[PDB]
Amino acid sequence: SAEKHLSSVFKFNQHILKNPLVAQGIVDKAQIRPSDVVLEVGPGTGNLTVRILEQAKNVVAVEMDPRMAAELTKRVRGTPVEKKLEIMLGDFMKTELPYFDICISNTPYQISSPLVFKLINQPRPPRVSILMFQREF
Amino acid sequence: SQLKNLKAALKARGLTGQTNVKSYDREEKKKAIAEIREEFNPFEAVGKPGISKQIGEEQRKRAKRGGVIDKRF
Amino acid sequence: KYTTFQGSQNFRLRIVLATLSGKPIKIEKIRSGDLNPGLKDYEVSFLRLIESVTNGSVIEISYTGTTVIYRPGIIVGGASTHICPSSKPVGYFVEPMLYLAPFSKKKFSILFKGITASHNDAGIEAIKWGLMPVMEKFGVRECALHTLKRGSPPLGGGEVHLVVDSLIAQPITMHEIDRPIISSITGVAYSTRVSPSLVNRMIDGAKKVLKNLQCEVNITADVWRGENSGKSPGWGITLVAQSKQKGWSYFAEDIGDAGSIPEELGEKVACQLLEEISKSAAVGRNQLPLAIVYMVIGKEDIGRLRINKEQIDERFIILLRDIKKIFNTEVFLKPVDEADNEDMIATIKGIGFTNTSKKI
Amino acid sequence: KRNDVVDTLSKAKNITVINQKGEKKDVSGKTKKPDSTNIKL
Amino acid sequence: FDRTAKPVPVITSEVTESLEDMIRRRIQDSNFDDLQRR
Amino acid sequence: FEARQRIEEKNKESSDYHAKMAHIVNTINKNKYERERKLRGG
Amino acid sequence: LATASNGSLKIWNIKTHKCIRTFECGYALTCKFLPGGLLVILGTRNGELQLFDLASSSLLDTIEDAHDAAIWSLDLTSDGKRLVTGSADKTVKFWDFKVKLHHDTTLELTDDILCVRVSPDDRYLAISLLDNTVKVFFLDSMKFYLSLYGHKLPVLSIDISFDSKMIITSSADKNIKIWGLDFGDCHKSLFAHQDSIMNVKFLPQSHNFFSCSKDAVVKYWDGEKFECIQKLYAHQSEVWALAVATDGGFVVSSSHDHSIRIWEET
Amino acid sequence: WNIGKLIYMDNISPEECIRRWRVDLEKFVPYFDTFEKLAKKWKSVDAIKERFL
């Protein structure tokens, strides 16, 4: 009955960065501290998320596509960072976001602008927030 | 043969089989790992004398101006 | 013959200044009346360290150990490894080695192993942020003490790798007749094999004393763990007052022993630095012996260094006295024209020393 | 291979699912969920 | 004096532990270079 | 035994030599202490 | 031997094995023995402090307002004048006994005090809190010295060594961690009991220790070995409380099904 | 008692020099006063504001 529920929530029916160096720098610009925690959005391959994991005690990632979470689970399978990592499946606008000190996110531009205002209005907001985003807006 | 003796040694020290069986400390396992490794490599059953040349070589590996003339007792 | 001196007082200084001069030295009556007379292990080990980096030297310890005859060779250097005995840390051996490194045939790439901190010896950070910066001022552009592993007392187990890539003919002439303005205070609070709260509590003690100041206070919270955290747990703090105008620094350091409160030590090292600043004009007391020697071995020109009255103590006097017998150089002092403070300008001339050991 | 995806979601433990209505549920389909009295007593 | 050819190696222990380590890692990963039916 | 030691010595001397040549031809045409941060964690 | 339960205290002479006297009380959580042994403390879940006399055969005076919430854990100084209580309200209350019991000072704390353990030398005091860190205070100075860290779950019991250089802690995470005083450093952590260890006891003048856990097991370890000498399975149901003689000879353990058994070295 | 001369009269000991006009390097940490005396001395950040910006 588990798989049928997984079908019920999500039908199971994106642009990817080639340059890790810029993504590496975005972690460097975030300047997360070990005593601090991170919430992640739109992990995808999550090579950015791994760089968070080595630095942050606790990493909570939310992936929109169930399949992208799976390939993440496979890649991080059998690693110490996996246990600290938390993967969240599905749209996090509805769910009350757990507290996180800093934001790193490859958020889709379609849903981005509501998420910022939720992030701004999220009680006890982060001191620092970094989001991957379109230029014009 | 050597397999039967070996699989028996592992099982006696608890290195094989299910651990959640229903109805030895880890540190002692590593000592068992050390003890089994040396026992079952006869080249390093026991080999004839002279098959190995380790003692010759180790002796070999063991084998500036002005001096600190130390005449202290 | 041999310039003849008494006791273990300033033992290394009299070996290194002998090394810098090339003038052979005799030091006699080393703890003659003590139950255990003659040289102790660490200062025997130091003579071995000198022999490793010098070439052609002759060292003779007496039958009772109470007399040493030292005929210096040329400073050659090279890559080597030194085992520091558990009695003293690596800091005891690296500082006198800093006196010699820039003036060698080959670069100094030496690995020091043993305890890395004590209550009486220089820590890594004291060498790192406290004495090494003075060398940047003296013209030693490239010089580094890489920390691979720490060893806290009593068991130690630490490793530090000293590299002095800058080889220069002689130190640049000193000209500092002003009391440098401190721009900010930085430092490192360190711990081994113990919870990170100890470092944070150590910083908590430090900020409490110093928050009254109008400065930015940024003390690094740095915690060793794992294979590289030594074989004993321990912790210490090093606070540095830093002057970005002319690149000057003043530092205080101490380590915490058994039963001590990390806040209490953080308070100590914090008010300790402030006491050092009040007693300092251009360099701290822990940097003054470092600064004066390089000027004595500079070019044949008068250089000016400003010193406070509190700096000219017995330590400054015997140290000056030691220099004269080896070099015949006298340090003159003239009062500053100011009336706000009573500081003194110590005028010294370099002996025209040159790095002749280098390949040209 | 969607069937190989869903099981991988179920095998790992640190996963929480998001339906349409507003709460958090696990892969199996049940709502995913110290106290001073319990820990000692 | 110079030697013309490579010296024949000596199988000291440290070589022995290094070799058997690689054997164990191959089997731990089941990374076996063996022929298969085609 | 000395044959093996000589080969190792010559390989080391040659390898150091090419590195030294590479540096000069590279030269002709910040923080020294990052590594402490990694070793610090263990 | 004193055995404290809900609604009653029962004291049993070991030689007779028969109850000398039974004292009515509340849901007594911790039972401590006054100085000189004429008297016994209990700490109720209601929080009211309980004061017994072996001689008078009953409770003297119940300080209803002695504590706001349950006095979960309670302990006694070596001299025994000063009494300390660890409890739910997140405030530690100190008491001094006089020929009446008076409260000297209250210590504010961020988190509730699950277990309070006093050193025999009385120079420091370990505080067990739900926040999974144990803060140790100097009793002579009254100031904070070190904080234990790395317990996955709050510590259930704290022990003090005879040299007092070793702090033995057993946690709901089921791992018993032994702390070096000299710098607050772990020599070893041991997952001894498959369930959590409610009470661990330190052998007198010996670095050994005993443990008791909900899994009904009792294990005998040595520090310098860091290994278990003997494992004891005699408890049908979970063993709540473990105790060790002042002599050190016989080790009292009480099961949930009311079985009282005491372990003697040969 | 100009210290310039007193430094170079070797017959006068350095300790004896210091007192008129007013111990070993192997201890790198220099001499200091007790904590409480320093703590009272540095209750305020006065006497040093000139050294800081």
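Let me sum up the structure you'll find in this document. (Residues numbered from 1 in each chain as written, not as in the entry; some residues may be left out. Chains lettered and ligands numbered in written order. Part of a larger assembly, values for the part shown. Heavy atoms only, no water. Residues with missing side-chain atoms left out of burial classes, pairs and counts.)

All names here are of chain G. Ordered in space as β4-β5-β6-β7, the four strands form an open sheet in which the pairing is antiparallel. If you trace the sheet from one side to the other, it starts and ends with β4 (28–33) and β7 (58–59), each paired once. Looking at chain direction, β4 and strand β5 (residues 39–44) are connected through five bridges and run antiparallel. If you follow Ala28 over to β5, its bridge partner there is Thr44. (Pairing = 2+ DSSP bridges. Helix = DSSP H or I, 4+ residues; strand = E, 2+ residues; numbered from the N terminus.)

The next subject is the interface of chain B and chain C. In this assembly, eight residues from chain B lie in contact with nine residues from chain C. Broken down by class, the residue content of the side of chain B that touches chain C amounts to three nonpolar, two polar and three charged. Two strands pair when backbone bridges link them, and strand β1 (residues 68–70) of chain B and strand β4 (residues 58–61) of chain C are joined in this way by three bridges, in the parallel orientation. Each bridged residue has a counterpart across the sheet, and for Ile69(B) the counterpart in β4(C) is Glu60(C). (Contact = heavy atoms within 4.5 Å. Nonpolar A, V, L, I, M, F, W, Y, C, P; charged D, E, K, R; others polar.)

In this section: unusual backbone geometry. All names here are of chain C. Residue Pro154 follows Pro153 across a cis peptide bond; omega there is 0°. Locating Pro154 in the fold gives a position in the loop between β9 (144–149) and β10 (158–164). One non-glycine residue, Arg31, lies in positive phi territory at about 55°. With respect to the helices, strands and loops of the structure, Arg31 is situated in the loop between β2 (25–28) and α2 (41–53).

Residues and elements named next belong to chain C. Across four bridges, strand β1 (residues 3–6) lies against β2 in parallel orientation. Along β2, the bridge assignment pairs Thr4 with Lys26. In this view, the connection linking β1 to its parallel neighbour β2 by way of helix α1 (residues 11–21) has right-handed handedness. (Right-handed = clockwise from strand over helix to strand, strands pointing away.)

With nine residues of chain A at the interface, the matching set in chain D holds eight residues. When residues of the side of chain A that touches chain D are traced back to their parent elements, those giving at least two are α1 (2–9) and β3 (85–89) of chain A. Counting residues per element, the side of chain A that touches chain D draws most heavily on β3(A), at five residues. Two elements, β3(A) and strand β1 (residues 15–18) of chain D, share two bridges in a ladder whose sense is parallel. Paired with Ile87(A) across the strands is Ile15(D), a residue of β1(D).

So, about the arrangement of the chains. Of all seven pairs of chains sharing an interface, the pair with the highest contact count is chains B and C. The two partners chain D and chain F share no contact, and the minimum distance between any of their C-alpha atoms is 25 Å. Separated throughout, chain A and chain G approach each other most closely at a C-alpha pair spaced 14 Å apart.

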